Amino acid sequence: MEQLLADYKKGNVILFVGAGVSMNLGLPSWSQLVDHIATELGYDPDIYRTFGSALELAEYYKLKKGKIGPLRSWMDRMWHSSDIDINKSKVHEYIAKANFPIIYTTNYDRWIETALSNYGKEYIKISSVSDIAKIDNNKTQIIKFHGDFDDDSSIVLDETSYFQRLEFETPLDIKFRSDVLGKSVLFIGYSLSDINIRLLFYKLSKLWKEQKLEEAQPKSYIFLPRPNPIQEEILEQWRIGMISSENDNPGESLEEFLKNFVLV
Amino acid sequence: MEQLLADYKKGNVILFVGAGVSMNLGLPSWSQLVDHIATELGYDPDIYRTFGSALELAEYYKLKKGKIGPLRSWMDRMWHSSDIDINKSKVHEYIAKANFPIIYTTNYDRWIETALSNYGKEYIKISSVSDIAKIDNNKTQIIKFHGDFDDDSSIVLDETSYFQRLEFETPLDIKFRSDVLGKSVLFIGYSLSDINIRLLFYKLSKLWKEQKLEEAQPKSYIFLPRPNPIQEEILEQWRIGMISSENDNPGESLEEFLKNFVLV
Amino acid sequence: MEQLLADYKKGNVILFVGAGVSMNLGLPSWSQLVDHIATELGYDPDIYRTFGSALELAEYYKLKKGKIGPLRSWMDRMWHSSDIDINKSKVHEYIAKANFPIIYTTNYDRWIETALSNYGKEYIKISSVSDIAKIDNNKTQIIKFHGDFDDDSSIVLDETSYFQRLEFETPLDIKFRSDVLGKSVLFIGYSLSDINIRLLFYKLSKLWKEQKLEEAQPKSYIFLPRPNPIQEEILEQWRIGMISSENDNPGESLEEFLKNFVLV
Amino acid sequence: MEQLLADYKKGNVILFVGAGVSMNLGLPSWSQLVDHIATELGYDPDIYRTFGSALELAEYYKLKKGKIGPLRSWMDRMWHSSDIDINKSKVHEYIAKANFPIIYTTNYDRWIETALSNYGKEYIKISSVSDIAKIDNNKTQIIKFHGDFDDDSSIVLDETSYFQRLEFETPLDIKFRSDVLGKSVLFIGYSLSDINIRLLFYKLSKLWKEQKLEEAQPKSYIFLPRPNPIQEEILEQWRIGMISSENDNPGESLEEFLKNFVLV
Amino acid sequence: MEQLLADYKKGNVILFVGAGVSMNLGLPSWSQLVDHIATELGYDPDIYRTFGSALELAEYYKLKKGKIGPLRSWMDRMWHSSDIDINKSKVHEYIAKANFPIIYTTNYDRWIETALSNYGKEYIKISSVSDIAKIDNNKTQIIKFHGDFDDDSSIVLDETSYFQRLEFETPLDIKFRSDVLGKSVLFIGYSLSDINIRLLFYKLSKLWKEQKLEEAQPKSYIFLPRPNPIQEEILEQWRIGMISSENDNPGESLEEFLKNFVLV
Amino acid sequence: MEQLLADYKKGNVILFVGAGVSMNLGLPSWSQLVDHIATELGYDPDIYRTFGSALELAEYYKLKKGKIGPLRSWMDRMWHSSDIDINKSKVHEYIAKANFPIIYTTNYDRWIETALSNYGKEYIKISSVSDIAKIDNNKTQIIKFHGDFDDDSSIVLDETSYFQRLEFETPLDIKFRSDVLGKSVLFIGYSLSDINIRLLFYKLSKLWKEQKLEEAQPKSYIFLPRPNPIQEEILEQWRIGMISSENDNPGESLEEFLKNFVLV
Amino acid sequence: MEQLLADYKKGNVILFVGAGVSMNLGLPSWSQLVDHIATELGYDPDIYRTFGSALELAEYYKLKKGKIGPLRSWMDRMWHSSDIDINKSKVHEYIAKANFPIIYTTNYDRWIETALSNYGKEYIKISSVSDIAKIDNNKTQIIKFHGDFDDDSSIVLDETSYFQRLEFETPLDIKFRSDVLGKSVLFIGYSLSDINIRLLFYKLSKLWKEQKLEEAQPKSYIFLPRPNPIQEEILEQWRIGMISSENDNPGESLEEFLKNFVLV
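Residue numbers (the authors' numbering), protein chains in the order written: chain D, 1 to 264; chain A, 1 to 264; chain L, 1 to 264; chain H, 1 to 264; chain C, 1 to 264; chain B, 1 to 264; chain J, 1 to 264.
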């Protein structure tokens, strides 16, 4: 809690913005993408929910249509609607105004870069290998961990693609497990039912405990608004700080936790 | 479907028994164990059930009370009660009268071995490395994949060991990865919800792809009690046949599926 | 003799029930256990009754099989048979009826706690660190000094495990050498052919003559069925008194001693 | 932090007070004691101060006088003077109004017991082996860890006695090493320059590390007036918190820390 | 010359016949292979042998030709000449008359199978996936680890192919990694100046170390004709018992070492 | 050749300094180190040179003694003598005057760092995880890939350590595998008769081929003083250019190779 | 000045040189090590000095850095500078010209070994177990008690390493506890404001008391430059004779004290 801020004033905290920071903008949820896949595939909406998880239906779309392209066009049109204003959302305001050097994200949308444009910052938005060559150390790096809408070969929308990225062998993951060296990672917007966060924590835990790294490697931190007595212990097995808030609505909890970083 | 019988008549089929072959046996469910963990941990069992999935609750009954010892002693008493009759189960009788030379099982109990013992089939139980040296090619190998109650250092009964065994490098995993070579695996009793079965299929599909084995290794199979048009193509990506039936009763479908394997 | 009853009547005595108490139950002896280890290892039982003492064969089982567990399951199955009835053993009946604050046991089986629950008493049975946290001053404490079948990491059958227990630094012996302070401890069921009993007496005598506790620590006692002239003086050199009886049959001697210890 | 109050509701926290918890009472310090030994021994204070530390001068009272008894009577005379009022001190009131079942004290005084008896709580005083037979398990066990003013043989004043008590083999030290099992220990009134303090946390960490017991035994805590990142990261290797508030003056810092322990 | 014969009496020894086992037959060396490659490529052989190692020189003729084929045909013709007879080589006789159930080999020639055919034994030679399905239990399995002349794709002659086989993911590599479980490996015909017979040892060292196989899987052994204390002490860290002989000629040394195995 | 200087002008190249870059200084070779190990271990040098490869002997020194400590002290004292000066060597001058932003080295010396400090350039030495947190991106990151003389636990002198570092999982290897993304690697000072600088090439080629990335990541390069068509055509499969000049003496070829990188 | 000269002429005196004999050498003190740690850690040195004593502050730079390597590399370079001449140091000259058979030292520098080499004597310097086998009997043994700059694992700079060395169980302390039997140990260069010369004193005192040694093992002695009757009387309980001097300069007192020892 205090150690996260002590590493933050040294510039040693990597943000890992999830999908839970955009619950106040008004983006379409995952129950709408599956609805659109059901509508344009030929099925019925509420019949195409019992048939699998939230990502293997997108995998079925990718094998029956051959591409994520017509899906990516609809998600780019619907996520980046003109109705959404980012000047009203305090979470992206405090993300942009804070001094975060690297802002790794598993979002597909371009609202973090829009928030950083809206407040004067500059970015080197990374989504593949060729964006790592254009890097610079004067401005921020927002790294689309799960691919941007500027690709069909880099969007991790599938189950096959998800299980491929769970091995951490693609060049966007070697960059992560080398950027993690010597720095803490702050996670915001995950509900701890996301399996990739758990295997990421497990991989960082064996990286720390197999190479006999001491406290020169700071651990990492996570924020979830609901305090859980058992998840603090399970995450502390993986060297993960449990930071929570007593507010009932998660929105002001995330707003205040990011307000803690916004001072300079 | 017929290719499964063509491989089975040649003795080239590995069985992989899941948890769904003992639905009619009256075994205690996955919720009464959480109720017992809650009552032995100091929680009311209606809010301890909402703290996570069953693996990350039986992991909390490993962090404090640092053993799965009393948990094993309770599940060995409750899952092998005197009210369960294995002769009244048609599925275990149909498994016992078949000609599977190697049977894998994820279950911790011993009802498959009891079913073989009550029908004259002489077996060998394999649970660790030391039992592999006691192998014999004239007896059926019951390889307890996720451990059993004859140890507490090998039961996969927590999130940490489950995510460790997802990387197939333990000796039972290597034994499975070499038993799969040149043979097909029949999976019975499995659902599809974030379990290791999909990662197993994906690993075997990678072994098919990068080693360029065209038809030397036959396609392995799964059985589902209800048909799913999504999962048939989803698993056909991973070289998996999805055998289903027309009976709405899930209990009656499995015995009618094993009846084709009984007479050989 | 009368001083032991005087320390009893103020609740300042500790029971230390051992392996020599259950001779009337009909439990398997160690001669059957080494026969089972010989059968499961591949030797001949009569060539395995030699080759070492009674504990290093179970140590060799830990060496070859790699785990206590398969042996632990057999001892749990054979020791707790349905043929053994605790209602017919008068010694366990007299142990359960007589009040005792702490009932330290060397035994692995659960027949003492079964005897206490057969006669209405309640137990807060301790075999690890985490069971000390749930301790209660109104319930009888039966502390398994050598562990029970609810753990394979605490059962002492190895000679290495025995010689590690002989240093008295695991947290099941710090509790004992703090429970000794100010109280006497009564021993029933030992023949003084075990090293740990005499070294425990030597440790308590060192604690008495080294910290100059004088007569503030009560003299503690040990029961035997056959009186010995030499061992009384050797034990009195350790401030340890021997209580014996004139009955040649050990069962009637133990029954009469515990009948003296029941009263109300 | 929050885990300490989580362990409080289960009754798993042992208080361990020191000299710094009694600085607002106004008792004589060690400097006037050194002045007393300089006056009694025929020395002069400004040459007898420089000739060593505080405890070597009590060792040089037990040397060249025959007994620590006159120094104990001096301490009983004006270390328990009539000018000191308990009721005007807030920290002793918050200690006495708390729900601590076991309280350890290295002060040789009775003002903790005076505060407990003044506010209606019942206590038992432990200073040797003979007081452990009077527990009754209903009153707050005030355990004088470093002796008391009613026994000249069990007080810890010298350097020989202090260095002998660093091996943790006395009956009070064995009692502490058994009471720590499964329970957290809260340290108050310590300046973290005390050698016994840092060897005590090293002994508890050695007990935690050698026997491989997990978080079934919780983590101990210590309160400090001023924060220190060096000591926090050093004590984190011993699984110890650094619960502290800045709050300028140290007098109200202990009161503000103890304010969380009254209505619980 | 150890407990290797005790393991061999139970049938838990896997032979790993190398390239130095057949120096008495008179097979062509790698120098004449390099000379033939130089002659067919146009280079002067005295010039060409200094242009790299033998593995890179056999990576050429796969590069600049496109196929192993003509080189495989020349090696099959020259390695199996009529001037080579098994019946005058006692080492292959002792290999054929022993009771090794699995005989791994990195040779390409068929003189091991010819030796077993000349002395009555029957073999189920394995060189790919589809021969693993043909295993008939009570037959010796000569597993060609580095391919043979019955395959142009599965042969291991290159540098790229040899570095592919160092990552143990090919099906024969998994078959070895699962055959090694619970059994010992005896290596005959290596010189330790060649790689992969140290990478096997390191991989088995991590397999027994990380999975904590406390002699569940026994030690493996190697035979060398020239004793060396440095290699014995280094191989002890990989628990490899380096067996040596005092005989000057390696042929009679290996002959006597296998004569120790040919009994019964 | 031309594309190397095309990547150089954008600052997209990485130096990988070898051990053959410093043959003109006059440092002790491995012969003197092996003779010192033989002298310290009691053997003759000429019988110790024939006992194994040059790293197995240091592995034996570490095994027979307790540490690599005195060997590291002797190597620090002998390899950094006052006779060796940077200013009379032109290769280190051309390395210091060039514009390599990241310099990798497998040398244990500091003569690269002494050359960069002598010519007024500023550098940051990286040898573990804790030095990665001091980048500041305005300084030449000299990275000791094979440890340094400022460490006794990360210096790669063994064969166990060498074969462990060949699997590319330590944090320096992860840092290299992320630094290589989108950049070219120049290899100077390697003879291509060593194993690490073939397996690294195969790892980079596997990363290029498996992820199916185009020319966004450029090709790596290597300089040797003598040309080799065999090694050129083998390296071109790994997407590697071979730079060479005839130039007779190997000392001059490196000077006229790094002359092209000076004035940029 | 006492009978230790008669013990010396029989060769029964062991030297135990500390850090106090190098006051006139001009080596950097511990305070400069604190400023170096503060400079290389980021803190202001005047701020950093007040955050604890020197030992925990040297435990930092192992915590938060991972290794003692860079600290050892700085200390070796700064403690062995060319400005220090051992020929002009007279205390080291009288130590070198004396007849001490075994010389223990808690220093890290090699100046005693350089003093022996500059005056004809030969040292067999011991820092770990592997040097104890190197003892060639008729040579002076400079056993470095607190490690050397040769290795980083065994150097004692930490608080945790200091508390490990306080419990005398590492092999160098076993060698000291056997070397002191029947001989006297003469301490020079200590001040008793430090530790280890409390338990090094108490342990031999209680060894002499508890095993009833009377005149078999002689008294052991210590020199201080400042006389103190309190410390002499305290140490005489540990059977120690302090030799003091009336000279004002601390250097000349030790100089004449060893000038006493130079004769034969």
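Just so it is clear, CB atoms sit at the ideal spot from N, CA and C, and this is done for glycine as well.
Does any residue of chain D have a CB that is nearer than 9 Å to the CB of residue i?
| i | result |
| --- | --- |
| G182/B | yes |
| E236/H | yes |
Report yes or no: is there a C-beta of chain C within less than 9 Å of the C-beta of residue i?
| i | result |
| --- | --- |
| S53/B | yes |
Distance cutoff 9 Å, beta carbons only. Does residue i sit that close to anything in chain A?
| i | result |
| --- | --- |
| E215/H | yes |
| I132/C | yes |
| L186/C | no |
| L192/D | yes |
Taking the Cβ atom as the reference point for each residue, do residue i and residue j lie within a distance shorter than 9 Å?
| i | j | result |
| --- | --- | --- |
| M1/C | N260/C | yes |
| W74/D | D109/D | no |
| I243/J | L224/J | yes |
| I230/A | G66/D | no |
| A133/J | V262/J | no |
| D76/C | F149/C | yes |
Using a Cβ cut-off of 7 Å, pull out every chain D residue sitting near residue i, in sequence order please.
| i | result |
| --- | --- |
| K65/J | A216 |
Can you name the residues of chain H whose CB is closer than 7 Å to the CB of residue i?
| i | result |
| --- | --- |
| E233/D | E215 |
So which residues on chain L does residue i lean against when the C-beta distance must stay under 9 Å?
| i | result |
| --- | --- |
| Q211/H | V129, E169, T170 and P171 |
| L207/H | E169, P171 and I174 |
For residue i, go through chain D and note every residue whose CB falls closer than 8 Å to its CB, in chain order.
| i | result |
| --- | --- |
| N12/B | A133 |
| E56/A | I230, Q231 and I234 |
Could you tell me whether the Cβ of residue i comes closer than 9 Å to any Cβ of chain H?
| i | result |
| --- | --- |
| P229/D | yes |
Going along chain B in order, which residues have a C-beta closer than 8 Å to the C-beta of residue i?
| i | result |
| --- | --- |
| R198/C | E159 and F163 |
- With a cut-off of 8 Å, do at least 3 Cβ pairs link the segment 3 to 20 of chain L to the segment 174 to 192 of chain L? Segments in contact, yes.
- Message: So if I threshold CB-CB distances at 8 Å, which residues from the segment 134 to 152 of chain A count as touching chain L?
- Response: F149, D150, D151 and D152
- Message: Give me the subset of the segment 69 to 88 of chain A whose CB atoms are less than 7 Å from a CB atom of chain L, sorted by chain position.
- Response: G69, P70 and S73
- Closer than 7 Å, Cβ to Cβ, to anything on chain H: give me those residues from the segment 162 to 180 of chain L, in chain order. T170, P171, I174, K175, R177 and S178
- Message: Please list, in chain order, the residues of the segment 116 to 131 of chain J that have any C-beta partner in chain B closer than 9 Å.
- Response: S127, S128, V129, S130 and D131
- Query: Is it true that the segment 132 to 143 of chain L meets the segment 116 to 123 of chain L, where meeting means three or more beta-carbon pairs spaced less than 8 Å apart?
  - Reply: Yes, they touch.
- Do the segment 156 to 163 of chain B and the segment 173 to 182 of chain B meet, that is, are 3 or more Cβ pairs less than 8 Å apart? no
- Message: With a threshold of 8 Å, are at least 3 pairs of Cβ atoms found where one atom belongs to the segment 169 to 177 of chain C and the other to the segment 28 to 45 of chain L?
- Response: Segments in contact, no.
- Below 8 Å, can you find three or more Cβ-Cβ pairs linking the segment 54 to 72 of chain H to the segment 30 to 44 of chain H? yes
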